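Sequence lines, in order, name chains A and B.
Using PDB author numbering, the letters of the first sequence map in sequence onto residues 1 to 573.
Using PDB author numbering, the letters of the second sequence map in sequence onto residues 1 to 573.
Data first, discussion second: the structure below is written as structure tokens.
Number of protein chains: 2
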Amino acid sequence: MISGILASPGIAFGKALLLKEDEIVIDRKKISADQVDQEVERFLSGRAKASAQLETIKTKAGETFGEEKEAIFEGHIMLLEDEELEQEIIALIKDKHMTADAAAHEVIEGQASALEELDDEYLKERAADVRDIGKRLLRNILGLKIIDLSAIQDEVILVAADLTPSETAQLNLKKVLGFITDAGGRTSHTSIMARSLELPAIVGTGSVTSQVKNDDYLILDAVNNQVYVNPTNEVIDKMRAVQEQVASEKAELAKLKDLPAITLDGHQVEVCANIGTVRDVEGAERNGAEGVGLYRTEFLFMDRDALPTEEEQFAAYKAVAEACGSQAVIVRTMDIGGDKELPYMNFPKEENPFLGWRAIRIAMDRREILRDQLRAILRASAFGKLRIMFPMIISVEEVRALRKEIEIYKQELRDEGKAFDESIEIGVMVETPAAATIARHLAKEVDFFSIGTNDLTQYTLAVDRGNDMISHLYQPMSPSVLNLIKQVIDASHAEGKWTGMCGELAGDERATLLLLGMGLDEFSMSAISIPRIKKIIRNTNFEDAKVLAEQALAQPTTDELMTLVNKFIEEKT
Amino acid sequence: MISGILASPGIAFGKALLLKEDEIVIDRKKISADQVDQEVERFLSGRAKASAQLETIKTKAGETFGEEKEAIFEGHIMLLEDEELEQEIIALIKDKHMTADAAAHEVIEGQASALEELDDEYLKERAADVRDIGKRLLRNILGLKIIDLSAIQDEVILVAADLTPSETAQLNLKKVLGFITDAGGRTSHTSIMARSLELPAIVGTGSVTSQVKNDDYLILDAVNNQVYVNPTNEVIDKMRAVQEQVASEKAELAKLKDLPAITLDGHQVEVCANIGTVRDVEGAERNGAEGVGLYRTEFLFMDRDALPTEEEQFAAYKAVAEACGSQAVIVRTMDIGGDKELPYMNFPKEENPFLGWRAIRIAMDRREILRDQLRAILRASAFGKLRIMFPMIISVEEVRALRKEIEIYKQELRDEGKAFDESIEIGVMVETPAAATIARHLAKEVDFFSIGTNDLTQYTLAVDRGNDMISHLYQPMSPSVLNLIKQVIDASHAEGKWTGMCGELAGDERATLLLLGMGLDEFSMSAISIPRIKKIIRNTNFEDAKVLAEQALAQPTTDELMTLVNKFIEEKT
């Protein structure tokens, strides 16, 4: 009875790979004379392996990268077989009666140690490559596992206590049929990849790796949240059928286009994808997105190891605008600084990042950032329908200062003979209770709103989106957040503008009737949620939803508001 | 031209003390037979001082604490004069030709080192006392000043880069005519003491200690925010006129009259003190408080090095209730966990304490805490008018769960033959935008509200109360916070309850007309602000303020709302 958090639903069958967090222990105790001969043979026998295994890595480099990387291995291998090492390693064991792992370490460490004495950063790095050769040699004599994770020749499941971002890059996605780990939870980098990759995986197992040995055959239900170890062929069967259902689920979700999200009684809304990267446009088109409702530009910034210049941004934006064809993209200016730092910025720490120097607060304290970016967006708008939207807005002051900024950047472009869509619409995230409160005022000043309920929930309830200890209090489906949502939508409509929603509520099956009834114009979500929500929309009656929404907005209690929603679903489809 | 943040206004004249506890630099050059004689004399000459200075400390312990502490010094002094140390210290210098500071250190360190080898925690602490004797001896030979801060025999000003809470306790308030430091700002523990102590002091000097030497004569303006170093008598005299002008104000401000909170046209409000500790009742009575509007019980918890039991709390509450006489105290249940941790709880760290596991979220996850406390409050209500109020309320759910809790604790008391005021009124902090939003709903469920604008501002604007980098965005005088204030007050009144305010806005001269006009029933503040605000209240016309408030609530911009307030002050008194 083992249960984890399940980060991706699905089913899989394969062998289990174990990353032994293990470490090399040197035997420093002098060996016996009879052993001298035995230790040399162990070194030769252990060296015999690395000889053949190192050669296998070389061939992968040649085919994978080319001759430029293939010869580097020959140097490492040729250096290892250097006749000077054979005589020096054997002499210490024979002369000092030392162990092969302790004696061999001194030889490679001795040379690398001499290189470090050098006063050059270029020579020191090469000393790092030589040190690596001896480091693995110790594992090869002991037989410790060296799972560069790229050395996988057979399909296997990946099991580990936790994976660091570095491993995820040099990881074979095609040879790994899933990912299982006992890390903390979704706050783990690898956990997010399972979601985006759309592959079955667990991250809260707790202690599965201590129960699994490498080469173990395991079946992942990722549906009943159970793992079968060396099971009876019948379980391998149940699961196989569970996997069938999973596949049919895809097949069904895969389709239903018709006209964009229209209720039975004729009420239309937009339903779009939130994206991070051109690469997300694919999922959006796949899932029937009618455009992009939020282009989190941060994500593009974390797609690089340097701040992207005007030109890099422009290109990135242009690509998106174009990968979206006729469709509109709502490009949000950058939102760094709550749980989304970009390390390359080296910003200083804050006591409460989520109440700190975030998003617009940065771009306004460092105009080059705001300017490059807005410049880039505008210029990209010469290439496809783009909108500009600002994150973390708190005051009418902020909006006017930024529009004024746009207007300056617009002229500069005009003066440099650089097209931009003169029609370009500007809006604001309403994701602060401030913004929500002065929604009427803000609505005169912008073309549109998108409600960020992740943040709005966070500040309205003062519950950190990151904090699992109080997660039970994080309720975007509170009478408090809903009311503020309504109040924003209404603001929009009172000025004859519209409100969309890119917070996760838009994509939440349980809010869809309320969001709809409350008159939300636009929904934007993870692409994967587009069909569930579309389905709900297509099967509602809009008038009924209004009535629902209204009721819900009067409830002083979430439970009471959940009840309405449920009796609706019962009685209404 | 040096300027700091000025934490307390006033004027002072005195010598400057510098905490530059100079380090112990051991001279390690071996000595000569001819010197040998000189080093011994230096040791005897340096030992000659500590002999007389140590004796002076002994006499202070006897008069200050008693014979129990006086004899401990005799042991330390008697041990230092031990004939074994004289021969051993001199022998190493004469035999090993070592320095007195290096040779003497080995002798005291040698014995203390032997004591550490002991496997007992009780013997190890005594080794700490013996180690201290040799540690100061090195300073005595070098001659570096000795600054425990209790060894001050003359009045002086205290100058330091920053002071740790430990120093503030063993600090002589009567011999320190002020405090000056270059710490971060008000977020510094010592900075809060200047406010409560009501003594002139600066904490943001930036680099005054590097410009001042001990024994320097300095005059603190704390009015023009300037410091005069060795000035002419002319500056002193000007500064003496400034000092005197400060006293005149105290005199005018010390004036007190019954029914102090009534506008010209007859509108009354309560005006009370926020307190932390019975000790604050004094300031409250001093400043004309009509009761206590917020008894931050955390502060009582940080007044101790253990969690206060039901009984300790009860006693503490009883005292307050009684030190308040006829007056009502609004006892808030405990609010730990944003910028107010209590270290003794060893709670784990959070990514955003201010959006974390704070106040009520704790007492609900650990009932013993909530129970002891509510138990204690109730029982204390048998002794004076108390109200109960809850911090960090976010939902109607929370309130009902806590009332239900009260009702359980009430019965238990009934069953144990323990009086409590059956009339006891219960209310909630409205300091979350959630609470503000569902104020109508909450108003049915409680007897009253007090708006915490420090927090409300924080969450509505998502600006950390602690974060100086964005402080410019922390505006409780936003159209967004004011609107939410109005909405809360109105909720109150619609149920026939009342709203008070213990956030710092209540005490802010610039909100007083708005708070008033918006119908706030009760103001609660630092006691020191009571007269300024009373004065403003007594000199307003209430009807005019309503009109003011209304206008202000329609402004989309702070500046625009500041303008109204100003034209008012111009035209109206």
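The C-beta atom is built at its ideal place from N, Cα and C for all residues, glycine as well.
Query: Below 7 Å CB to CB, which residues in the same chain sit around B/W498 once its five sequence neighbours on both sides are set aside?; Result: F448, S492, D521 and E522
Query: Who pairs with B/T181 in a beta bridge, going by DSSP?; Result: B/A160
Query: Cβ of A/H97 less than 8 Å from any chain B Cβ?; Result: no
Query: Assign B/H441 to buried or exposed, taking buried as 16 or more other Cβ atoms, counted over all protein chains shown, within 10 Å of its Cβ.; Result: buried
Query: B/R332 bridges to which residues according to DSSP?; Result: B/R296 and B/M389
Query: For A/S478 versus A/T558, is the C-beta spacing smaller than 8 Å?; Result: yes
Query: For the region 346-406 of chain A, list the beta strand (DSSP E) runs that are entirely contained and at least 3 residues long, ordered along the chain.; Result: 386-390
Query: Establish whether the CB of A/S381 and some CB of chain B are separated by less than 8 Å.; Result: no
Query: With DSSP as the reference, label A/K20 as helix, strand or coil.; Result: coil
Query: Between the C-alpha atoms of A/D455 and A/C502, what's the straight-line distance to the nearest angstrom?; Result: 11 Å
Query: In its own chain, which residues sit with a C-beta less than 7 Å from the C-beta of A/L171, not counting the 5 before and 5 after it?; Result: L149
Query: Along the chain, where does the alpha helix (DSSP H) containing B/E84 start, and where does it finish?; Result: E83 to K96
Query: Name the chain A residues whose beta carbon is nearer than 8 Å to that of B/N172?; Result: Those do not exist, as B/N172 stays about 33 Å from chain A at its closest Cβ, beyond 8 Å.
Query: Going straight from the alpha carbon of B/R279 to that of B/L461, what length do you get?; Result: 34 Å
Query: Have a look at B/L173 and B/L79 and give me their C-alpha separation to the nearest angstrom.; Result: 33 Å
Query: Quick one: using the 10 Å Cβ neighbour count with 16 as the cut-off for buried, is A/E322 buried or exposed?; Result: exposed
Query: Whole-angstrom Cβ separation of B/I330 and B/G293, contact assumed at under 8 Å?; Result: 5 Å
Query: Give me the chain B residues within the contact set of A/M469, using Cβ-Cβ distance strictly less than 9 Å, ordered along the chain.; Result: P348, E350, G356, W357, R361 and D365
Query: If you draw a straight line from the C-alpha of B/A201 to the C-alpha of B/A100, how long is it?; Result: 42 Å
Query: Let me make sure I understand the geometry here. Which of A/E310, A/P391 and A/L413 has the alpha-carbon closest to that of A/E368?; Result: A/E310
Query: Am I right that A/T512 and A/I537 are in contact with their C-beta atoms under 8 Å? What's the rounded C-beta distance?; Result: 7 Å
Query: Any contact between the region 354-372 of chain B and the region 415-424 of chain B? By contact I mean 3 or more CB pairs, one from each, below 8 Å.; Result: no
Query: The alpha helix (DSSP H) spanning B/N274 covers which residue range?; Result: No alpha helix (DSSP H) holds B/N274; the beta strand (DSSP E) holding it covers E270 to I275.
Query: So if I threshold CB-CB distances at 7 Å, which residues from the region 435-463 of chain A count as touching chain B?; Result: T437, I438, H441, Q458, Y459, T460, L461, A462 and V463
Query: Going by other Cβ atoms of all chains shown within 10 Å of its Cβ, with 16 needed for buried, is A/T181 buried or exposed?; Result: buried
Query: Excluding the five sequence neighbours on either side, which residues of its own chain have a C-beta within less than 8 Å of the C-beta of A/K444, listed in chain order?; Result: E495
Query: Tell me which residues share the same chain as B/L505 and place their Cβ nearer than 6 Å to its Cβ, disregarding the 5 neighbours each side in the sequence.; Result: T453, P476 and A511
Query: I want to know whether the region 266-286 of chain A touches the region 294-305 of chain A - three or more CB-CB distances under 8 Å.; Result: yes
Query: Hey, does B/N483 have any beta-carbon neighbour from chain A nearer than 8 Å?; Result: yes
Query: Thinking C-beta only, is A/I530 closer than 8 Å to A/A251?; Result: no
Query: B/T499 lies in the beta strand (DSSP E); which residues open and close that run?; Result: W498 to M501
Query: Is A/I388 near A/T333, with beta carbons less than 8 Å apart?; Result: yes
Query: Rounded to whole angstroms, how far is the Cβ of B/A284 from the Cβ of B/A527, which I believe are closer than 8 Å?; Result: 5 Å
Query: Under the DSSP definition of a beta bridge, which residues are partnered with B/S45?; Result: Paired residues: none, contrary to the question.
Query: Is it right to say A/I11 is buried, meaning 16 or more other beta carbons lie within 10 angstroms of its own, or is it exposed?; Result: buried
Query: Distance, Cα to Cα, B/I438 vs A/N483?; Result: 8 Å
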